[PDB]
Amino acid sequence: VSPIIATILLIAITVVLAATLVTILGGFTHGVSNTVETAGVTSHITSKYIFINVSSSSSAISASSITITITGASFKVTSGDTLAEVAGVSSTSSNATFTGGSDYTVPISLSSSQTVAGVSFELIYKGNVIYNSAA
Amino acid sequence: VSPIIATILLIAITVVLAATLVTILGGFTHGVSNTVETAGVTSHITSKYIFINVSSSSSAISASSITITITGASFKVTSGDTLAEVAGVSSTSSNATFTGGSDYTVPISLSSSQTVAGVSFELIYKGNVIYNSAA
Amino acid sequence: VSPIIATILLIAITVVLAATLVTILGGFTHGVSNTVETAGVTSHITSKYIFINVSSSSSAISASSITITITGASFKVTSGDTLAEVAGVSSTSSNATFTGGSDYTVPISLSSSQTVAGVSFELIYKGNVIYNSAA
Amino acid sequence: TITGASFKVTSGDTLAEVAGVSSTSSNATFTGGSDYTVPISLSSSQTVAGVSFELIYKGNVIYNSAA
Amino acid sequence: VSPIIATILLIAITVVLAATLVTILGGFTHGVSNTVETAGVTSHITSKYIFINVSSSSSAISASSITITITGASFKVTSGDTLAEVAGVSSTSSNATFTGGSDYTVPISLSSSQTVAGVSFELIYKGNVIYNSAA
Ligand SMILES: *[C@@H]1O[C@H](CO)[C@H](O)[C@H](O[C@@H]2O[C@H](CO)[C@@H](O[C@@H]3O[C@H](CS(=O)(=O)O)[C@H](O)[C@H](O[C@H]4O[C@H](CO[C@H]5O[C@H](CO)[C@@H](O)[C@H](O)[C@@H]5O)[C@@H](O)[C@H](O[C@H]5O[C@H](CO)[C@@H](O)[C@H](O)[C@@H]5O)[C@@H]4O)[C@H]3O[C@@H]3O[C@H]([C@H](O)CO)[C@H](O)[C@H](O)[C@H]3O)[C@H](O)[C@H]2O)[C@H]1O
Ligand SMILES: *[C@@H]1O[C@H](CO)[C@H](O)[C@H](O[C@@H]2O[C@H](CO)[C@@H](O[C@@H]3O[C@H](CS(=O)(=O)O)[C@H](O)[C@H](O[C@H]4O[C@H](CO[C@H]5O[C@H](CO)[C@@H](O)[C@H](O)[C@@H]5O)[C@@H](O)[C@H](O[C@H]5O[C@H](CO)[C@@H](O)[C@H](O)[C@@H]5O)[C@@H]4O)[C@H]3O[C@@H]3O[C@H]([C@H](O)CO)[C@H](O)[C@H](O)[C@H]3O)[C@H](O)[C@H]2O)[C@H]1O
Ligand SMILES: *[C@@H]1O[C@H](CO)[C@H](O)[C@H](O[C@@H]2O[C@H](CO)[C@@H](O[C@@H]3O[C@H](CS(=O)(=O)O)[C@H](O)[C@H](O[C@H]4O[C@H](CO[C@H]5O[C@H](CO)[C@@H](O)[C@H](O)[C@@H]5O)[C@@H](O)[C@H](O[C@H]5O[C@H](CO)[C@@H](O)[C@H](O)[C@@H]5O)[C@@H]4O)[C@H]3O[C@@H]3O[C@H]([C@H](O)CO)[C@H](O)[C@H](O)[C@H]3O)[C@H](O)[C@H]2O)[C@H]1O
Ligand SMILES: *[C@@H]1O[C@H](CO)[C@H](O)[C@H](O[C@@H]2O[C@H](CO)[C@@H](O[C@@H]3O[C@H](CS(=O)(=O)O)[C@H](O)[C@H](O[C@H]4O[C@H](CO[C@H]5O[C@H](CO)[C@@H](O)[C@H](O)[C@@H]5O)[C@@H](O)[C@H](O[C@H]5O[C@H](CO)[C@@H](O)[C@H](O)[C@@H]5O)[C@@H]4O)[C@H]3O[C@@H]3O[C@H]([C@H](O)CO)[C@H](O)[C@H](O)[C@H]3O)[C@H](O)[C@H]2O)[C@H]1O
Ligand SMILES: *[C@@H]1O[C@H](CO)[C@H](O)[C@H](O[C@@H]2O[C@H](CO)[C@@H](O[C@@H]3O[C@H](CS(=O)(=O)O)[C@H](O)[C@H](O[C@H]4O[C@H](CO[C@H]5O[C@H](CO)[C@@H](O)[C@H](O)[C@@H]5O)[C@@H](O)[C@H](O[C@H]5O[C@H](CO)[C@@H](O)[C@H](O)[C@@H]5O)[C@@H]4O)[C@H]3O[C@@H]3O[C@H]([C@H](O)CO)[C@H](O)[C@H](O)[C@H]3O)[C@H](O)[C@H]2O)[C@H]1O
Ligand SMILES: *[C@@H]1O[C@H](CO)[C@H](O)[C@H](O[C@@H]2O[C@H](CO)[C@@H](O[C@@H]3O[C@H](CS(=O)(=O)O)[C@H](O)[C@H](O[C@H]4O[C@H](CO[C@H]5O[C@H](CO)[C@@H](O)[C@H](O)[C@@H]5O)[C@@H](O)[C@H](O[C@H]5O[C@H](CO)[C@@H](O)[C@H](O)[C@@H]5O)[C@@H]4O)[C@H]3O[C@@H]3O[C@H]([C@H](O)CO)[C@H](O)[C@H](O)[C@H]3O)[C@H](O)[C@H]2O)[C@H]1O
Ligand SMILES: *[C@@H]1O[C@H](CO)[C@H](O)[C@H](O[C@@H]2O[C@H](CO)[C@@H](O[C@@H]3O[C@H](CS(=O)(=O)O)[C@H](O)[C@H](O[C@H]4O[C@H](CO[C@H]5O[C@H](CO)[C@@H](O)[C@H](O)[C@@H]5O)[C@@H](O)[C@H](O[C@H]5O[C@H](CO)[C@@H](O)[C@H](O)[C@@H]5O)[C@@H]4O)[C@H]3O[C@@H]3O[C@H]([C@H](O)CO)[C@H](O)[C@H](O)[C@H]3O)[C@H](O)[C@H]2O)[C@H]1O
């Protein structure tokens, strides 16, 4: 009798270990994706505007998917920080897509202590910095 | 008595499980091989002929092992689709082996609607495309 | 008893899988070598002779290791197609090695329909084309 | 083991034996830096392009020239 | 009884194998680091002195971290073979760091048989040769 009953108990234990292992693996098998992007970008800064002109890109991406951050200055548009938003890009505009041939103008404001030589900015896509004016 | 008899039964069951597992593994341990090939190939297309000239290759391979496929045209030789066959390669010919220094001429025919600008072809070896004229 | 016997069977199976894998890898770990060569070569063609003059090379190599192929003409020497052989290079000759300062003369014959403007040739080493008169 | 050819040494089929390895020879041990030369013979119908061979140790194939 | 006891023994064996494997891996996971360095160096040799002038370097490094070796001559300073040591570099000296703009003078002695045309030297950092006067 007893060697067969002991075998049935060990099968029951084995299934719970396998079910446990499956939940451990689930912490590895997510959140990996191709996030690399690369663009030819040129820029010019003035007391009132930043100009951004794109010559080429690795892929065609929405101007709403790109986040812009700034130091030494402030944006004249206050709703948020996507490139489409601060640049005043309408959905019908040619500049709705970030690719070679797209140009943007961003309006900015400086304090009494701030100066043009102190201003810099960065473009971020999927958590990677794709451009930095101070490079 | 009974604990020993129960043990003999469990050994008999164990052998059949091991024999079962061996047949499961046989579905994994076959059909893996090194099929990669790479060649410097140049080509010119005309209303009557395709010319193919080889400058180098990763390995030396038989011209009968390479399959050719075509669109926008048709072959003048109708027996099949190996490179040796459609190019009229005899077994004594220098061009029996695909390597740097081997040249081939393939004769072709166009319909009333077909034109030279529409023709393209590919070379396939061991199920991989090794050249494509429209790349 | 049975969990230990099952373990011994799984070790026996494991060794055969490892031995199988070793024979799969053997199809990758051969036939890779540095075959690149590069030479400064100049040439002149006439109704009777091809002249080939070498100014520099990436390495010093035997004139018997180089294969020559021709179109629009034929060689006067019929034994084979190595450069040393068709050029009549003796083992004591200065031109036994292909390097800067080595010169070769190859004798050729044309049919009633062939002409000097139609002749061309190539030099091949380790399956790569190293010179082509029609480039 | 060999196909498409034959060994010039006929006593057997161990690597040491067909290669003519003496017990004092450097090549008595199979390791990095060991080199062997095996002499062979071809028939009137056999050719170099047809020859291939394999090395076997403890019943496993460890090398195959036709891989 | 016995299938559970056999399972407890196999767990005990498993832990010792895992502990063994951990000590095998420790032979791989050490002694890998970025040791590459690259410098623009120029030098002049005389019957009494070697002059060494640095124009640029990949990184800024201590003159005590660089080892110098010589042939065809001997150093006038006998304590050792670091660059700082044989060149007489004090800790306050500008030339304490190896970078563009650092210059060194090393005093040397020749035998009755030695001559200036026979002298050469090398600079070594982290086991890599970074300069060789006879290149
Ligand atoms: C699983 O597999 C599937 C199949 O392959 C998918 O691949 C999935 O991946 C997800 O897919 C969903 C659906 O495509 C994605 O959700 C979209 O997310 C984008 C953001 S993104 O940066 O552009 O990539 C948008 O938010 C998009 O929304 C569209 O629709 C919005 C609402 O429009 C709807 O309602 C109006 C009426 O108000 C209708 O006229 C219209 O037809 C539609 O029904 C739009 O506002 C939006 O415009 C702007 O959106 C963002 C800002 O939010 C901006 O970045 C864009 O550039 C654009 O200017 C856009 O047109 C999402 O699509 C879904 O749409 C449904 C809607 O019901 C239609 O089905 C929802 O209402 C939501 O809007 C939204 O879920 C998701 O991102 C992918 O992960 C795999 O996971
Ligand atoms: C992506 O693609 C899109 C689409 O192609 C854009 O091109 C985007 O780049 C943006 O382009 C816009 C448009 O040029 C830029 O916005 C302008 O900034 C200029 C200054 S500039 O020196 O001329 O170059 C202007 O300020 C312009 O606005 C005009 O409108 C102002 C407000 O007028 C509005 O309101 C009145 C009522 O009060 C209405 O009657 C009128 O119709 C209009 O709706 C005017 O004050 C302004 O006059 C003076 O402006 C400046 C001083 O600020 C001065 O330098 C000028 O010479 C001029 O004398 C001018 O007439 C801005 O355009 C936007 O206009 C909207 C308005 O709602 C209409 O849409 C806003 O009110 C803001 O005024 C402004 O956003 C933008 O900066 C670029 O990013 C590409 O990236
Ligand atoms: C690999 O390596 C091999 C070996 O080196 C090849 O080089 C291969 O490349 C192939 O080369 C062959 C040979 O050149 C190519 O085939 C020829 O195509 C030409 C056209 S071309 O413009 O001259 O360049 C010819 O069509 C040539 O055929 C000749 O033969 C035709 C038929 O004659 C046969 O039958 C008669 C009886 O009717 C016999 O008396 C005769 O002896 C022969 O057996 C002739 O019609 C033809 O005359 C005219 O041809 C064309 C018009 O089509 C015209 O442009 C010419 O100016 C000429 O006036 C010519 O005399 C083709 O060669 C093959 O010949 C065989 C024949 O059986 C002998 O073997 C076939 O019958 C076909 O005619 C043809 O396949 C080939 O295209 C290349 O792939 C390398 O890749
Ligand atoms: C690498 O390095 C090597 C070594 O340095 C070579 O330099 C090689 O380049 C080769 O050089 C040789 C030698 O020059 C070239 O071969 C010659 O081609 C010339 C033609 S040319 O216009 O003068 O330049 C000659 O044909 C020369 O042969 C002579 O020999 C012929 C045969 O004579 C032989 O047989 C008779 C018996 O019948 C013997 O008595 C005699 O001793 C000899 O063994 C003669 O016919 C020939 O006379 C006429 O030749 C031509 C017409 O073809 C005419 O233009 C001349 O003006 C002359 O009146 C001449 O006396 C070729 O040299 C080789 O000679 C051997 C012979 O066995 C001796 O070795 C062969 O029999 C061939 O005749 C021939 O191969 C070669 O072409 C270059 O590749 C570098 O690349
Ligand atoms: C492991 O490590 C060991 C030890 O280091 C080996 O290196 C082994 O590799 C083997 O090496 C041997 C030695 O090189 C190879 O055997 C030789 O094959 C060559 C041919 S080759 O082209 O020169 O490379 C020779 O055949 C050589 O034999 C010589 O001996 C022949 C017979 O002479 C014997 O008998 C006469 C009496 O008749 C005696 O006087 C003499 O002293 C000797 O005992 C000669 O015929 C031969 O002359 C010609 O040989 C060939 C033609 O076959 C020709 O190409 C040559 O240019 C030359 O003109 C030459 O003098 C082989 O060596 C062995 O010699 C023994 C002999 O008993 C002495 O030990 C046998 O009789 C055989 O002749 C032969 O086995 C071997 O192939 C490699 O495997 C590493 O793997
Ligand atoms: C683990 O993680 C840590 C934290 O990140 C480290 O990264 C560690 O890496 C090791 O760090 C230690 C400590 O930094 C390194 O040891 C130094 O090795 C260098 C050699 S190196 O080529 O310059 O790179 C030096 O030997 C250095 O010593 C300094 O101190 C010496 C003694 O000075 C002490 O005593 C005097 C009184 O006599 C005091 O006034 C002084 O304040 C100090 O307490 C100096 O002689 C020495 O000068 C010269 O040293 C070398 C020649 O030996 C020469 O090449 C230099 O250019 C320089 O001219 C230098 O100033 C080591 O630092 C440690 O200092 C302690 C001391 O107690 C202070 O803490 C010891 O006494 C030893 O001197 C020494 O261990 C080690 O190389 C790194 O691997 C990670 O592994
Ligand atoms: C890194 O950065 C550092 C700091 O900037 C250095 O620049 C280093 O390069 C080194 O520079 C030093 C300094 O120039 C070089 O050493 C000198 O070699 C010259 C020869 S040279 O042709 O003039 O160019 C000198 O030999 C010089 O020494 C002087 O001192 C000698 C000894 O005098 C000492 O002892 C006496 C007592 O006997 C004291 O009174 C005196 O104060 C001093 O302490 C003198 O003999 C010498 O006179 C003659 O020297 C030569 C012949 O050898 C002759 O050509 C001259 O024209 C002159 O007539 C001269 O006055 C060396 O400097 C060091 O001096 C120390 C001394 O202890 C003081 O510190 C040693 O004793 C040695 O003499 C010597 O090391 C060095 O070669 C460079 O590597 C950068 O790489």
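Basis for what follows: all heavy atoms, side chains included, without hydrogens, waters or symmetry-related copies. Proteins come first, then strands; the chains are lettered A, B, ... in the order of their sequence lines, and each starts at number 1. Counting starts at 1 for both ligands and their atoms, in listed order.
There is no protein heavy atom closer than 4.0 angstrom to atom 46 (O) of ligand 7. For atom 1 (C) of ligand 7, the nearest protein heavy atom lies under 4.0 Å away. Proximity of atom 55 (O) of ligand 1 to the protein is indicated by at least one non-hydrogen atom lying closer than 4.0 angstrom. The protein does not reach atom 27 (C) of ligand 1 closely, with no heavy atom under 4.0 angstrom from it.
For the residues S93(A), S94(A), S102(A), the heavy atom positioned nearest atom 3 (C) of ligand 2 is part of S93(A). The residue among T105(E), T92(E), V86(E) with a heavy atom at the shortest distance from atom 79 (C) of ligand 7 is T105(E).
Side-chain atoms of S120(A) and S133(A) form no donor-acceptor pair, as typed in the model, at a separation below 3.5 Å.
Proximity to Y104(A) (heavy-atom distance under 4.0 Å) selects the following atoms of ligand 2: 82 (O). In the vicinity of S62(A), heavy-atom distances shorter than 4.0 Å reach the ligand 1 atoms 57 (O). Counting the atoms of ligand 2 from 1 in the order shown, those under 4.0 Å from a heavy atom of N95(A) are 1 (C), 2 (O), 3 (C), 8 (C), 81 (C), 82 (O). Close contacts of ligand 1 with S64(A), meaning ligand atoms under 4.0 Å from a residue heavy atom, involve 54 (C), 55 (O), 56 (C), 57 (O).
For atom 9 (O) of ligand 2, the nearest non-hydrogen atom of the protein is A87(A) O, 3.9 Å.
Taking OG of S65(A) as the start and CD1 of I124(A) as the end, the distance is 13.5 Å to the nearest 0.5 Å.
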